[PDB]
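Below you'll find the structure, written out as structure tokens, and then a few comments.
Bear in mind these aren't lab numbers, they're just calculated from the coordinates by the rules spelled out. With ideal geometry, Cβ positions are generated from the backbone for all residues, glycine too; neighbour counts draw on all protein chains shown.
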Amino acid sequence: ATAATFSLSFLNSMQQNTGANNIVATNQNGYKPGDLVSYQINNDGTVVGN
Amino acid sequence: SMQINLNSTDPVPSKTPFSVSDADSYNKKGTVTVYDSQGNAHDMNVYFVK
Amino acid sequence: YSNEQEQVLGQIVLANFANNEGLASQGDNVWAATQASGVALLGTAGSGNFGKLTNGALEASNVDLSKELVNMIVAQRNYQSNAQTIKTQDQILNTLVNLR
Amino acid sequence: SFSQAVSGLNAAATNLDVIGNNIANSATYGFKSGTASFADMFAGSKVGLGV
Amino acid sequence: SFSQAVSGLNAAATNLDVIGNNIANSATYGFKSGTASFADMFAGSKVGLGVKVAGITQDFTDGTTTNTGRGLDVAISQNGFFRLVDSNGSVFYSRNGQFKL
Amino acid sequence: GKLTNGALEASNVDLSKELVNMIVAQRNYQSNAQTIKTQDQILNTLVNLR
Amino acid sequence: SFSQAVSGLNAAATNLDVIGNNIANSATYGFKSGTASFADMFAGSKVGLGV
Amino acid sequence: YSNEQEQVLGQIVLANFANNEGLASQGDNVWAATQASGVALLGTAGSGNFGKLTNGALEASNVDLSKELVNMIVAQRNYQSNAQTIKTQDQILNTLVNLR
Amino acid sequence: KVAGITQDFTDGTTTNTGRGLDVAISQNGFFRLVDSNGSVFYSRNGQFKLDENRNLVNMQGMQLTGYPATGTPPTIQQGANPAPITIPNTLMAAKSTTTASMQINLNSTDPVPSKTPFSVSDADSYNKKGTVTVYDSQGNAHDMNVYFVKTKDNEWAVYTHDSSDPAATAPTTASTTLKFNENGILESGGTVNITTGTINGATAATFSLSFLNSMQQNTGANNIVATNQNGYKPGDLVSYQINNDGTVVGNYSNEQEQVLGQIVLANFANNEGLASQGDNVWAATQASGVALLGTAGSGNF
Amino acid sequence: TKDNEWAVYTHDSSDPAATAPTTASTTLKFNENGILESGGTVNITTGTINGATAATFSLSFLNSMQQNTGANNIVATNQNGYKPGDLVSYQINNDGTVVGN
Amino acid sequence: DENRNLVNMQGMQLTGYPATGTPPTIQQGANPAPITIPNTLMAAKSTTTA
């Protein structure tokens, strides 16, 4: 398959002698596929599938 | 995106070259997962060395 | 092992969430992380924001009988007082349908 | 008409069912307690509509 | 519903039966104590449906070795079971060791 | 394991630990018997409404 | 049920009768002493049924 | 017998069915075989698929008492709620038969 | 005008009973029944019993259908044309041995024996004596003895013999050799083929005897840790059960399992169109879609 | 007698005035794999008791096996004769077939 | 269970951090795999210091 390029950002980190090293928060905006498990109707009038 | 805390009084790795074979010459190893366009996963290890 | 040595075989990973009380329940003693719960945020036992494990122990059930046996009474009285509106409504509608 | 009382009768039944389930699960090991919370409802009128 | 009450009342009766059985078998030789462990029940809704007996396990620790004096008795000190056959052909595994001819 | 002959194995039932669990199983039974009474009395009124 | 208690109480009475008999026959000449053997009882289910 | 001998006066035969719950309960503590159960399939005590006997013992009736005393409470409410339909079917018929 | 009586297909309460042949669904799905005409029905009540001809059936005489089972050993076809489910009390035929495995940990400090004519009863002439059991075409057992003898550095010869053949010759040549690495890893000579003798006119069981995953690293004395084969004597049915994933399995007296089918579920593109047919069954028709069969494991079921 | 061959002898044992049989009535020959090769049918006459005309019958050892099944056993026997009897009950089945016991 | 995985009372496998090679030491960023307790033999280790 084709490759993936992305910007990785260490924004708002710190080093101030806090014991040992640990990662406190991590995220990205990609997702593995799946299939339909439910639908519902919102109050605005849209229908959304989960 | 990834936040991190790093210890400030942590020593330099006394091993002189960096090499991912042994678990000595780095300060911290962390992970992230990303996904390609076909959907399958890619693990990216990240190595912090003071 | 037999030769007076020991070998590690794994480590139990824990996970803590950015928000509890939003995990769906799936029957037996398991949950399932969804929206309004967050991503996993995995970690180990000792370090970080995770409490220690102890072995040879089971967590108990946190259900206090003194606080649930005195809510049955309030719920039974709420049921019996909501039932008292239907009786007046029945009697009013009986009067209205067999006038004349 | 009947809905003002039928809504209360229906909302006080889950308030017994959750207590019954908390009583019946008093001996399993990974159990967490159950509570329910109510909230009234209004349309564009001025009288209520139930629970 | 009656269901939340009756499933709890059903599962608290096997919890007394498996204690009465352990009490009554306080002198059988190759016997292991038991316990019952439960598990809750949920449908697709958010309220619970009751409780369910998940399975009765057994405690396989070793009892005390009691002297008898007779010749055809064997006791085991660690893991392992005697292997006996029935008249049919079915194999069985046991821990009690009172033998005869 | 070893084999010791001329001896049998006892029952490993601890009588003091089972004469305590009866007192906590009987209270569970007697508390669950108070939900049937509430569910019966909240059907008595719905039967005798009219 | 009643069975787990009542069969256990019935079978822990032969365990006193066979001791009383051996205490009584402490002076007769041909007597050989004895004990009793128990066995558990299991139906097709998983909960035991007595002794 | 009185001459250092033993005679064999027969062997007790057991039976085993391909399907229970088709046996019709006839009179006393006795079942009878028919269709939807199969043929008799007689056999010996020990060998085969048949269990062994026991001398000096009987078999009780497997009826729980606490499990049966909490189904009467459900059956009584089912009866009293079915009786509240005949009430309405009589009242609507009474109010129909007297208009003209 | 009364438009139409609708149903409400939410789930009920799961009540435990304690009987063997009772099953119940926890999400969307229906059992698929037939009867004596081929009219398929769909149901949700799961009180099943057997009959005189030993087919699974509900309490009014409608046969429970599922995926059939065949093969050697019998396997469940994934999507075949559905058939009624039978539980036959016929006996199992025997199966003849085709492969056998035997791990072994030899001793790295074991000196070469001096009585160099390799005997059978003169117990100096071999290091290790192991035994495996194999089954012929009829079901008779044959004991294959193997003898492991060290010849030189890191080299072990393996001799085979049969112990139940009454006309058995004593072997004079080695069956195979095993050469070991400097570290203690097996390299080559890892397999052999060998045919056992003959008793009662039966077929000669030929089989492979691979010595895989063995080691030789000064492990005290010599031992075998894992011995197995793929054969069994016959038997007859002692029990049947319904597993948690749908497959019905019968247990026989020779410690084997045999599948007999699995229960096919059916989920519809639309409920509310199934016309009721008296007893505890429905009937698929127009404004409900096609049946859309499947398995109870995974998917939408 | 020898491998995969068995000999079947018949005798009648109600009338004791019959011939003590030592002649081989028939032989059963089995396959090399363990099914029945040939020779599954025999004809047997019985004796006479109380002046009734005797019975000649076919006897079929069909669908046997010889596969080291532990020990010997019989699994299925049938014949098509009966003694007289009188009516005790009648019923109607689920396809309209009136039957009587 | 019989394949020697750490499995809870209903039949679901308990994950964790795996171990690598010999002498095994736990990684910190691997893809979490279920824990097994193998019964295989420990290979030897030759002397390097005294």
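Please go through segment C:26-40 and pick out each residue that is exposed (fewer than 13 other Cβ atoms within 10 Å of the Cβ) and farther than 20 Å from E:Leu49 by Cβ.
If the condition is that a residue be exposed (fewer than 13 other Cβ atoms within 10 Å of the Cβ) and farther than 20 Å from E:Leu49 by Cβ, then C:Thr34, C:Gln35, C:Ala36 are the ones that fit.
Filter segment I:206-221 down to the residues that are among the hydrophobic types (A, V, I, L, M, F, W, C) and under 33 Å from the mean Cα position of the chain (by Cα) and list them by number.
Matches in segment I:206-221: I:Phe207, I:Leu209, I:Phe211, I:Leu212, I:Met215.
Which of the residues that make up segment G:18-51 are surrounded by 12 or more Cβ atoms within 10 Å (Cβ to Cβ), part of a loop (DSSP other than H, G, I, E, B) and either among the aliphatic types (A, V, I, L, M) or in contact with a strand residue (DSSP E or B) (Cβ under 6 Å, 6 or more places away or on another chain) (or both)?
Listed by number, the residues that qualify are G:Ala36, G:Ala39, G:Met41, G:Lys46, G:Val47, G:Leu49, G:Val51.
Can you pull out every residue in segment D:1-17 that is hydroxyl-bearing (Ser, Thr, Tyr) and either assigned to a helix (DSSP H, G or I) or touching a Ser or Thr at 6+ places or on another chain (Cβ under 6 Å) (or both)?
Passing the criteria: D:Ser3, D:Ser7, D:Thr14.
Of all residues in segment I:255-276, count the ones that are assigned to a loop (DSSP other than H, G, I, E, B), crowded, with 18+ Cβ neighbours inside 10 Å and under 15 Å from the mean Cα position of the chain (by Cα).
Here the count works out to 0.
Looking at the structure I just gave you, is H:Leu96 loosely packed, with under 10 Cβ neighbours inside 10 Å and either within 14 Å of chain I (Cβ to nearest Cβ) or farther than 30 Å from G:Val51 by Cβ (or both)?
The answer is yes for H:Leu96.
G:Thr35 fails exactly one of the following numbered conditions: (1) facing another protein chain (nearest Cβ under 7 Å); (2) over 17 Å from E:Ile23 (Cα atoms); (3) of a type in the set (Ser, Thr, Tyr). What is the number of that condition?
(1)
If E:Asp59 satisfies all but one of (1) surrounded by 13 or more Cβ atoms within 10 Å (Cβ to Cβ); (2) within 14 Å of chain G (Cβ to nearest Cβ), what's the number of the condition it fails?
(1)
Among the numbered criteria (1) assigned to a loop (DSSP other than H, G, I, E, B); (2) exposed (fewer than 14 other Cβ atoms within 10 Å of the Cβ), which one does J:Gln66 miss?
(2)
Can you report the number of residues in segment I:181-209 which are closer than 19 Å to K:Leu41 by Cβ and away from every other protein chain (no Cβ under 14 Å)?
Total satisfying the criteria: 2.
In segment B:1-42, which residues are within 25 Å of C:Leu41 (Cβ to Cβ), of a type in the set (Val, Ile, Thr) and more than 10 Å from chain K (Cβ to nearest Cβ)?
Result: B:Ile4, B:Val34.
Those residues that are over 15 Å from the mean Cα position of the chain (by Cα) and assigned to a loop (DSSP other than H, G, I, E, B), I need them from segment I:222-245; list them, please.
I:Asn222, I:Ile224, I:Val225, I:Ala226, I:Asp236, I:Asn244, I:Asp245
If you check I:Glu182, I:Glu155, I:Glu187, which single one turns out to be surrounded by fewer than 18 Cβ atoms within 10 Å (Cβ to Cβ) and either under 16 Å from I:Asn127 (Cα atoms) or of a type in the set (S, T, N, Q) (or both)?
I:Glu155
Of everything in segment F:1-25 that's hydroxyl-bearing (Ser, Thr, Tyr) and over 17 Å from the mean Cα position of the chain (by Cα), which residue is surrounded by the most Cβ atoms within 10 Å (Cβ to Cβ)?
Result: F:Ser11.
Out of all the residues in segment E:71-86, is one or more under 30 Å from G:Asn15 (Cα atoms), of a type in the set (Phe, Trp, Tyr), assigned to a strand (DSSP E or B) and within 14 Å of chain G (Cβ to nearest Cβ)?
Checked segment E:71-86: no residue is under 30 Å from G:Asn15 (Cα atoms), of a type in the set (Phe, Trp, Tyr), assigned to a strand (DSSP E or B) and within 14 Å of chain G (Cβ to nearest Cβ).
What are the residues in segment C:58-79 that are at the interface with chain D (Cβ under 7 Å from one of its Cβ atoms) and β-branched (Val, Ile, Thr), if any?
Within segment C:58-79, just C:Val63 meets the criteria.
Could you tell me whether any residue of segment F:34-44 is closer than 19 Å to E:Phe2 by Cα, basic (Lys, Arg) and more than 7 Å from chain E (Cβ to nearest Cβ)?
Checking segment F:34-44: at least one residue is closer than 19 Å to E:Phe2 by Cα, basic (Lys, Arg) and more than 7 Å from chain E (Cβ to nearest Cβ).
Of the conditions (1) over 29 Å from the mean Cα position of the chain (by Cα); (2) part of a loop (DSSP other than H, G, I, E, B); (3) closer than 27 Å to I:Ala275 by Cβ, I:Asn81 clears all except one; give me its number.
(1)
Can you name the condition, by its number, that B:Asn45 falls short on among (1) within 13 Å of chain K (Cβ to nearest Cβ); (2) farther than 19 Å from A:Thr26 by Cβ; (3) of a type in the set (S, T, N, Q)?
Among (1) within 13 Å of chain K (Cβ to nearest Cβ); (2) farther than 19 Å from A:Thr26 by Cβ; (3) of a type in the set (S, T, N, Q), B:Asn45 violates only (2).
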